[PDB]
file data.json (JSON, C-alpha atoms)
[["chain", "number", "residue", "atom", "x", "y", "z"],
["A", 1, "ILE", "CA", 0.00, 0.00, 0.00],
["A", 2, "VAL", "CA", 1.44, 3.41, -1.03],
["A", 3, "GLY", "CA", 0.76, 6.42, 1.18],
["A", 4, "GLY", "CA", -1.15, 4.54, 3.77],
["A", 5, "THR", "CA", -1.24, 4.16, 7.48],
["A", 6, "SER", "CA", -1.18, 1.19, 9.84],
["A", 7, "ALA", "CA", -4.44, -0.60, 10.28],
["A", 8, "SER", "CA", -5.86, -0.99, 13.79],
["A", 9, "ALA", "CA", -6.90, -4.31, 15.26],
["A", 10, "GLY", "CA", -10.39, -5.11, 14.06],
["A", 11, "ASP", "CA", -10.37, -2.63, 11.15],
["A", 12, "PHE", "CA", -10.82, -5.35, 8.58],
["A", 13, "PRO", "CA", -12.07, -8.42, 10.43],
["A", 14, "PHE", "CA", -12.32, -10.38, 7.21],
["A", 15, "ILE", "CA", -8.91, -9.67, 5.70],
["A", 16, "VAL", "CA", -6.58, -12.57, 5.09],
["A", 17, "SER", "CA", -2.92, -12.53, 4.03],
["A", 18, "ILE", "CA", -2.01, -15.12, 1.38],
["A", 19, "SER", "CA", 1.56, -16.44, 1.34],
["A", 20, "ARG", "CA", 3.07, -18.49, -1.54],
["A", 21, "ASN", "CA", 6.15, -20.66, -1.12],
["A", 22, "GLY", "CA", 6.30, -19.20, 2.37],
["A", 23, "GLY", "CA", 6.71, -15.62, 1.14],
["A", 24, "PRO", "CA", 4.31, -12.68, 0.85],
["A", 25, "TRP", "CA", 2.10, -12.85, -2.20],
["A", 26, "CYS", "CA", -1.42, -11.51, -2.00],
["A", 27, "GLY", "CA", -4.35, -10.42, 0.16],
["A", 28, "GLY", "CA", -7.90, -11.78, 0.32],
["A", 29, "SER", "CA", -11.28, -11.49, 2.01],
["A", 30, "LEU", "CA", -13.01, -14.05, 4.23],
["A", 31, "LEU", "CA", -16.59, -14.52, 2.99],
["A", 32, "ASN", "CA", -17.51, -17.27, 5.46],
["A", 33, "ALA", "CA", -15.79, -20.03, 7.48],
["A", 34, "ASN", "CA", -14.22, -21.84, 4.54],
["A", 35, "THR", "CA", -14.23, -19.38, 1.66],
["A", 36, "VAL", "CA", -11.87, -16.65, 0.60],
["A", 37, "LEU", "CA", -12.26, -14.11, -2.19],
["A", 38, "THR", "CA", -9.04, -13.10, -3.98],
["A", 39, "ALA", "CA", -7.78, -11.97, -7.40],
["A", 40, "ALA", "CA", -7.64, -14.72, -10.02],
["A", 41, "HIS", "CA", -4.13, -13.56, -11.00],
["A", 42, "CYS", "CA", -2.91, -14.44, -7.47],
["A", 43, "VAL", "CA", -3.79, -18.13, -8.00],
["A", 44, "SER", "CA", -4.53, -18.97, -11.64],
["A", 45, "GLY", "CA", -2.53, -21.90, -12.87],
["A", 46, "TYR", "CA", -0.10, -22.00, -9.87],
["A", 47, "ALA", "CA", 0.36, -25.12, -7.66],
["A", 48, "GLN", "CA", -2.29, -24.78, -4.96],
["A", 49, "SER", "CA", -0.08, -26.50, -2.37],
["A", 50, "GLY", "CA", 2.15, -23.40, -2.28],
["A", 51, "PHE", "CA", -0.45, -21.22, -0.65],
["A", 52, "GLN", "CA", -1.30, -20.52, 2.94],
["A", 53, "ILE", "CA", -3.95, -18.14, 4.28],
["A", 54, "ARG", "CA", -3.69, -16.30, 7.59],
["A", 55, "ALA", "CA", -6.72, -14.66, 9.29],
["A", 56, "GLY", "CA", -7.22, -12.76, 12.54],
["A", 57, "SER", "CA", -3.88, -11.00, 12.52],
["A", 58, "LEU", "CA", -2.49, -7.61, 11.62],
["A", 59, "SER", "CA", 0.70, -9.54, 10.90],
["A", 60, "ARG", "CA", 1.29, -11.60, 7.83],
["A", 61, "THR", "CA", 3.84, -13.85, 9.61],
["A", 62, "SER", "CA", 2.34, -14.65, 12.99],
["A", 63, "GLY", "CA", -0.79, -14.77, 15.06],
["A", 64, "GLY", "CA", -4.23, -15.79, 14.07],
["A", 65, "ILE", "CA", -5.38, -18.83, 12.24],
["A", 66, "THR", "CA", -3.81, -20.40, 9.21],
["A", 67, "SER", "CA", -5.22, -22.73, 6.56],
["A", 68, "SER", "CA", -4.13, -24.55, 3.42],
["A", 69, "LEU", "CA", -6.37, -24.66, 0.36],
["A", 70, "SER", "CA", -8.73, -27.44, -0.54],
["A", 71, "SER", "CA", -9.79, -25.95, -3.90],
["A", 72, "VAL", "CA", -9.51, -22.88, -6.12],
["A", 73, "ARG", "CA", -12.24, -21.63, -8.52],
["A", 74, "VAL", "CA", -10.93, -18.95, -10.89],
["A", 75, "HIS", "CA", -13.58, -16.92, -12.76],
["A", 76, "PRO", "CA", -14.14, -18.91, -16.00],
["A", 77, "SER", "CA", -13.67, -15.86, -18.19],
["A", 78, "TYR", "CA", -10.65, -14.61, -16.40],
["A", 79, "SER", "CA", -8.43, -13.27, -19.14],
["A", 80, "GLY", "CA", -5.90, -10.62, -19.26],
["A", 81, "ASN", "CA", -6.90, -8.34, -16.45],
["A", 82, "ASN", "CA", -10.60, -8.98, -16.83],
["A", 83, "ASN", "CA", -12.86, -10.86, -14.42],
["A", 84, "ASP", "CA", -9.95, -11.01, -11.97],
["A", 85, "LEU", "CA", -11.62, -12.98, -9.20],
["A", 86, "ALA", "CA", -11.08, -16.38, -7.67],
["A", 87, "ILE", "CA", -12.83, -18.22, -4.85],
["A", 88, "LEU", "CA", -10.64, -20.24, -2.48],
["A", 89, "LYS", "CA", -11.96, -23.09, -0.34],
["A", 90, "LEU", "CA", -10.04, -23.65, 2.92],
["A", 91, "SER", "CA", -9.08, -26.98, 4.43],
["A", 92, "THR", "CA", -9.35, -25.41, 7.96],
["A", 93, "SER", "CA", -12.58, -23.59, 8.89],
["A", 94, "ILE", "CA", -12.23, -20.14, 10.39],
["A", 95, "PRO", "CA", -14.94, -19.22, 12.88],
["A", 96, "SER", "CA", -16.03, -15.65, 13.39],
["A", 97, "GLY", "CA", -15.35, -14.12, 16.84],
["A", 98, "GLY", "CA", -12.64, -11.96, 18.33],
["A", 99, "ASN", "CA", -11.05, -10.02, 15.50],
["A", 100, "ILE", "CA", -12.32, -12.39, 12.86],
["A", 101, "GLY", "CA", -15.46, -11.56, 10.88],
["A", 102, "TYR", "CA", -16.93, -12.18, 7.44],
["A", 103, "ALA", "CA", -17.24, -9.60, 4.72],
["A", 104, "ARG", "CA", -20.53, -7.95, 3.68],
["A", 105, "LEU", "CA", -20.62, -7.87, -0.17],
["A", 106, "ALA", "CA", -21.85, -5.09, -2.43],
["A", 107, "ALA", "CA", -25.22, -5.70, -4.07],
["A", 108, "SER", "CA", -25.47, -7.36, -7.43],
["A", 109, "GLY", "CA", -25.36, -4.68, -10.11],
["A", 110, "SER", "CA", -23.97, -1.96, -7.85],
["A", 111, "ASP", "CA", -21.15, 0.22, -9.23],
["A", 112, "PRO", "CA", -19.10, 2.39, -6.93],
["A", 113, "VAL", "CA", -19.87, 6.07, -7.30],
["A", 114, "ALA", "CA", -17.20, 8.36, -8.63],
["A", 115, "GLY", "CA", -15.95, 10.58, -5.88],
["A", 116, "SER", "CA", -17.04, 8.42, -2.95],
["A", 117, "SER", "CA", -14.39, 7.24, -0.43],
["A", 118, "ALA", "CA", -13.00, 3.79, -0.53],
["A", 119, "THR", "CA", -10.38, 2.13, 1.72],
["A", 120, "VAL", "CA", -7.90, -0.48, 0.52],
["A", 121, "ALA", "CA", -5.68, -2.61, 2.75],
["A", 122, "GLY", "CA", -2.79, -4.95, 2.32],
["A", 123, "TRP", "CA", 0.76, -6.06, 2.98],
["A", 124, "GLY", "CA", 2.15, -4.97, -0.38],
["A", 125, "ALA", "CA", 4.99, -2.66, -1.33],
["A", 126, "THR", "CA", 4.97, 0.87, 0.03],
["A", 127, "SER", "CA", 6.54, 2.32, -3.10],
["A", 128, "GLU", "CA", 6.63, 1.31, -6.76],
["A", 129, "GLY", "CA", 9.74, -0.84, -7.14],
["A", 130, "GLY", "CA", 10.10, -0.90, -3.31],
["A", 131, "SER", "CA", 11.96, -3.87, -1.82],
["A", 132, "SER", "CA", 10.56, -4.37, 1.64],
["A", 133, "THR", "CA", 7.14, -5.74, 2.44],
["A", 134, "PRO", "CA", 5.47, -4.65, 5.65],
["A", 135, "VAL", "CA", 4.80, -7.29, 8.27],
["A", 136, "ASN", "CA", 1.84, -5.40, 9.68],
["A", 137, "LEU", "CA", -1.20, -4.36, 7.69],
["A", 138, "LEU", "CA", -1.47, -1.02, 6.02],
["A", 139, "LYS", "CA", -4.52, 0.85, 4.74],
["A", 140, "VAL", "CA", -5.26, 3.80, 2.50],
["A", 141, "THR", "CA", -8.37, 5.82, 1.61],
["A", 142, "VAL", "CA", -8.83, 6.89, -1.97],
["A", 143, "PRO", "CA", -11.79, 8.24, -3.92],
["A", 144, "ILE", "CA", -13.49, 6.28, -6.67],
["A", 145, "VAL", "CA", -12.52, 7.46, -10.15],
["A", 146, "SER", "CA", -15.19, 7.50, -12.82],
["A", 147, "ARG", "CA", -14.89, 4.80, -15.45],
["A", 148, "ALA", "CA", -14.80, 7.52, -18.08],
["A", 149, "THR", "CA", -11.73, 9.20, -16.58],
["A", 150, "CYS", "CA", -10.21, 5.76, -16.06],
["A", 151, "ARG", "CA", -10.72, 4.89, -19.76],
["A", 152, "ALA", "CA", -9.14, 8.24, -20.55],
["A", 153, "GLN", "CA", -6.05, 7.03, -18.62],
["A", 154, "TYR", "CA", -5.86, 3.46, -19.91],
["A", 155, "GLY", "CA", -8.01, 3.19, -23.07],
["A", 156, "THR", "CA", -11.73, 2.64, -23.52],
["A", 157, "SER", "CA", -11.31, -1.09, -24.02],
["A", 158, "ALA", "CA", -8.86, -1.65, -21.17],
["A", 159, "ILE", "CA", -11.41, -0.68, -18.52],
["A", 160, "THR", "CA", -14.49, -2.88, -18.54],
["A", 161, "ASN", "CA", -17.70, -2.78, -16.49],
["A", 162, "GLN", "CA", -16.23, -5.65, -14.42],
["A", 163, "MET", "CA", -13.61, -3.17, -13.15],
["A", 164, "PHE", "CA", -13.72, 0.10, -11.26],
["A", 165, "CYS", "CA", -10.95, 2.58, -10.50],
["A", 166, "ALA", "CA", -9.71, 4.48, -7.55],
["A", 167, "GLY", "CA", -6.93, 6.85, -6.89],
["A", 168, "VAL", "CA", -5.91, 10.44, -6.70],
["A", 169, "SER", "CA", -5.14, 12.35, -9.86],
["A", 170, "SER", "CA", -1.90, 13.67, -8.38],
["A", 171, "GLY", "CA", -1.07, 10.11, -7.34],
["A", 172, "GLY", "CA", 0.67, 8.98, -4.19],
["A", 173, "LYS", "CA", -1.97, 6.76, -2.73],
["A", 174, "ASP", "CA", -2.54, 3.37, -4.13],
["A", 175, "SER", "CA", -2.38, -0.41, -3.82],
["A", 176, "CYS", "CA", 0.98, -1.90, -5.03],
["A", 177, "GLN", "CA", 2.77, -5.21, -5.62],
["A", 178, "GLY", "CA", 1.65, -7.79, -3.02],
["A", 179, "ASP", "CA", -1.68, -6.00, -2.37],
["A", 180, "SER", "CA", -3.38, -8.00, -5.12],
["A", 181, "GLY", "CA", -6.63, -9.78, -4.16],
["A", 182, "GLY", "CA", -7.07, -7.78, -0.97],
["A", 183, "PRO", "CA", -10.09, -5.72, -0.08],
["A", 184, "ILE", "CA", -11.38, -2.39, -1.16],
["A", 185, "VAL", "CA", -14.39, -1.23, 0.91],
["A", 186, "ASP", "CA", -16.80, 1.66, 0.84],
["A", 187, "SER", "CA", -17.36, 4.13, 3.70],
["A", 188, "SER", "CA", -19.60, 1.64, 5.45],
["A", 189, "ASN", "CA", -17.11, -1.23, 5.25],
["A", 190, "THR", "CA", -18.95, -3.05, 2.51],
["A", 191, "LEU", "CA", -16.63, -5.02, 0.22],
["A", 192, "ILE", "CA", -16.85, -3.46, -3.24],
["A", 193, "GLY", "CA", -13.79, -4.93, -4.92],
["A", 194, "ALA", "CA", -10.52, -6.74, -4.95],
["A", 195, "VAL", "CA", -7.14, -5.12, -5.76],
["A", 196, "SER", "CA", -6.41, -6.08, -9.34],
["A", 197, "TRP", "CA", -4.01, -4.12, -11.54],
["A", 198, "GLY", "CA", -2.61, -0.75, -12.51],
["A", 199, "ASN", "CA", 0.34, 0.91, -14.27],
["A", 200, "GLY", "CA", 3.05, 1.01, -11.63],
["A", 201, "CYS", "CA", 1.93, 2.29, -8.22],
["A", 202, "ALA", "CA", 0.64, 5.69, -7.19],
["A", 203, "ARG", "CA", 1.51, 7.34, -10.49],
["A", 204, "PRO", "CA", -0.27, 10.61, -11.26],
["A", 205, "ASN", "CA", -3.12, 10.00, -13.64],
["A", 206, "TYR", "CA", -2.91, 6.24, -13.46],
["A", 207, "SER", "CA", -5.65, 5.00, -11.16],
["A", 208, "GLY", "CA", -5.58, 1.65, -9.41],
["A", 209, "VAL", "CA", -7.93, -0.85, -11.05],
["A", 210, "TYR", "CA", -10.16, -3.11, -8.96],
["A", 211, "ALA", "CA", -12.22, -6.21, -9.78],
["A", 212, "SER", "CA", -15.88, -5.22, -9.19],
["A", 213, "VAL", "CA", -17.84, -7.35, -6.69],
["A", 214, "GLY", "CA", -21.15, -5.71, -7.71],
["A", 215, "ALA", "CA", -20.59, -6.72, -11.32],
["A", 216, "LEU", "CA", -19.28, -10.21, -10.47],
["A", 217, "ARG", "CA", -21.79, -11.20, -7.80],
["A", 218, "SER", "CA", -23.19, -14.07, -9.90],
["A", 219, "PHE", "CA", -19.77, -15.71, -9.87],
["A", 220, "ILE", "CA", -19.27, -15.11, -6.14],
["A", 221, "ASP", "CA", -22.74, -16.37, -5.15],
["A", 222, "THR", "CA", -22.34, -19.50, -7.25],
["A", 223, "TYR", "CA", -19.38, -20.54, -5.19],
["A", 224, "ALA", "CA", -19.40, -18.85, -1.78]]
call {"tool": "encode", "arguments": {"input": "data.json", "output": "structure tokens"}}
result
Amino acid sequence: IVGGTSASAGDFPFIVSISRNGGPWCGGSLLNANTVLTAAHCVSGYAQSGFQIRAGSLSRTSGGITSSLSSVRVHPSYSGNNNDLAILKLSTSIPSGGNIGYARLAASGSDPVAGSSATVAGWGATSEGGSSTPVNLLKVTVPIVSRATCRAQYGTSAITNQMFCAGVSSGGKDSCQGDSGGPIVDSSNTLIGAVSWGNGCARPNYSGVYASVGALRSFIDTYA
């Protein structure tokens, strides 16, 4: 996360850190006791045995509850950067209680409103090309960027209705490498997307691109 601040215990009760080959890799959201929502690009085609999920901790290396994966369901039309969602089934159930809770999803057909505030969290880089990965969770608040402005930045066909954008025109606040799959929530803490892609991190006039839960609810509901 670029230009963020440390998350407080219980900020994101549903966030999970996803390690791969024992190293930092992605973020995710706990939907219920055995299901995690992440970005398809975090898991598509990789050996599932390499992954571990950690819930109930601000730290990606210790505390909370861990689980291996039982199965992975990547959106069937995942291609390029589009439809970048995957559902993970956990071999260890994670009960709600304490600092663990399940996400509340945006409504089917909802589209985040340009200008509204959204908060993204993760354990990713704190600068584009940055080396170090935080051990403790970071968060950042950015406004939603209209799809029109976003298409202005990336191209009309690069930004689909299965994506939404967020960022500051001047840059400096964004999701970065290792934040992929993690949550983006609205002002009410409703899960509206998953960190997906962008051009570098926190660049002026290059918004962060998020997989849209509202537009992909049929996929999510089929497998949650």
call {"tool": "closest_residue", "arguments": {"input": "data.json", "among": "A:50, A:56, A:208, A:4", "to": "residue A:20", "atoms": "all atoms listed in the file"}}
result
A:50
call {"tool": "closest_residue", "arguments": {"input": "data.json", "among": "A:72, A:163, A:125, A:216", "to": "residue A:89", "atoms": "only C-alpha atoms"}}
result
A:72
call {"tool": "closest_residue", "arguments": {"input": "data.json", "among": "A:97, A:120, A:23, A:16", "to": "residue A:187", "atoms": "only C-alpha atoms"}}
result
A:120
call {"tool": "atom_distance", "arguments": {"input": "data.json", "atom1": "atom CA of residue A:145", "atom2": "atom CA of residue A:189"}}
result
18.3 Å
call {"tool": "closest_residue", "arguments": {"input": "data.json", "among": "A:170, A:207, A:133, A:190", "to": "residue A:152", "atoms": "all atoms listed in the file"}}
result
A:207
call {"tool": "closest_atom_pairs", "arguments": {"input": "data.json", "of": "stretch 168-216 of chain A", "to": "stretch 40-48 of chain A", "cutoff": "10 Å", "atoms": "all atoms listed in the file", "output": "CSV"}}
result
residue,atom,partner,partner_atom,distance
A:178,CA,A:42,CA,9.2
A:179,CA,A:42,CA,9.9
A:180,CA,A:42,CA,6.9
A:181,CA,A:42,CA,6.8
A:194,CA,A:40,CA,9.9
A:196,CA,A:41,CA,8.0
A:197,CA,A:41,CA,9.5
A:211,CA,A:40,CA,9.7
call {"tool": "closest_residue", "arguments": {"input": "data.json", "among": "A:115, A:214, A:27, A:198", "to": "residue A:81", "atoms": "only C-alpha atoms"}}
result
A:198
call {"tool": "atom_distance", "arguments": {"input": "data.json", "atom1": "atom CA of residue A:32", "atom2": "atom CA of residue A:91"}}
result
12.9 Å
call {"tool": "closest_residue", "arguments": {"input": "data.json", "among": "A:92, A:138, A:26, A:12", "to": "residue A:69", "atoms": "all atoms listed in the file"}}
result
A:92
call {"tool": "atom_distance", "arguments": {"input": "data.json", "atom1": "atom CA of residue A:107", "atom2": "atom CA of residue A:218"}}
result
10.4 Å
call {"tool": "residues_around", "arguments": {"input": "data.json", "residues": "residue A:144", "least_positions_apart": "3", "cutoff": "7 Å", "atoms": "all atoms listed in the file", "output": "MDAnalysis selection string"}}
result
chainID A and resid 112:118 165:167
call {"tool": "residues_around", "arguments": {"input": "data.json", "residues": "residue A:75", "least_positions_apart": "2", "cutoff": "8 Å", "atoms": "all atoms listed in the file", "output": "NGL selection string"}}
result
:A and (40 or 73 or 77-78 or 83-86 or 219)
call {"tool": "write_last_selection", "arguments": {"input": "data.json", "atoms": "C-alpha atoms", "output": "mmCIF file, in the frame of the given file"}}
result
data_model
loop_
_atom_site.group_PDB
_atom_site.id
_atom_site.type_symbol
_atom_site.label_atom_id
_atom_site.label_comp_id
_atom_site.auth_asym_id
_atom_site.auth_seq_id
_atom_site.Cartn_x
_atom_site.Cartn_y
_atom_site.Cartn_z
ATOM 1 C CA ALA A 40 -7.640 -14.720 -10.020
ATOM 2 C CA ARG A 73 -12.240 -21.630 -8.520
ATOM 3 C CA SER A 77 -13.670 -15.860 -18.190
ATOM 4 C CA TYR A 78 -10.650 -14.610 -16.400
ATOM 5 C CA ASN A 83 -12.860 -10.860 -14.420
ATOM 6 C CA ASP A 84 -9.950 -11.010 -11.970
ATOM 7 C CA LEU A 85 -11.620 -12.980 -9.200
ATOM 8 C CA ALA A 86 -11.080 -16.380 -7.670
ATOM 9 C CA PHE A 219 -19.770 -15.710 -9.870
#
call {"tool": "residues_around", "arguments": {"input": "data.json", "residues": "residue A:217", "least_positions_apart": "3", "cutoff": "9 Å", "atoms": "only C-alpha atoms", "output": "PyMOL selection string"}}
result
chain A and resi 105-109+212-214+220-222
call {"tool": "residues_around", "arguments": {"input": "data.json", "residues": "residue A:21", "least_positions_apart": "3", "cutoff": "9 Å", "atoms": "only C-alpha atoms", "output": "short mmCIF file (atom, residue, chain, number, x, y, z; two decimals) with C-alpha atoms, in the coordinates of the input"}}
result
data_model
loop_
_atom_site.label_atom_id
_atom_site.label_comp_id
_atom_site.auth_asym_id
_atom_site.auth_seq_id
_atom_site.Cartn_x
_atom_site.Cartn_y
_atom_site.Cartn_z
CA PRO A 24 4.31 -12.68 0.85
CA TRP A 25 2.10 -12.85 -2.20
CA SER A 49 -0.08 -26.50 -2.37
CA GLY A 50 2.15 -23.40 -2.28
CA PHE A 51 -0.45 -21.22 -0.65
CA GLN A 52 -1.30 -20.52 2.94
#
call {"tool": "residues_around", "arguments": {"input": "data.json", "residues": "residue A:30", "least_positions_apart": "2", "cutoff": "7 Å", "atoms": "all atoms listed in the file", "output": "list in words"}}
result
residues 14, 15, 16, 28, 32, 35, 36, 37, 102 and 103 of chain A
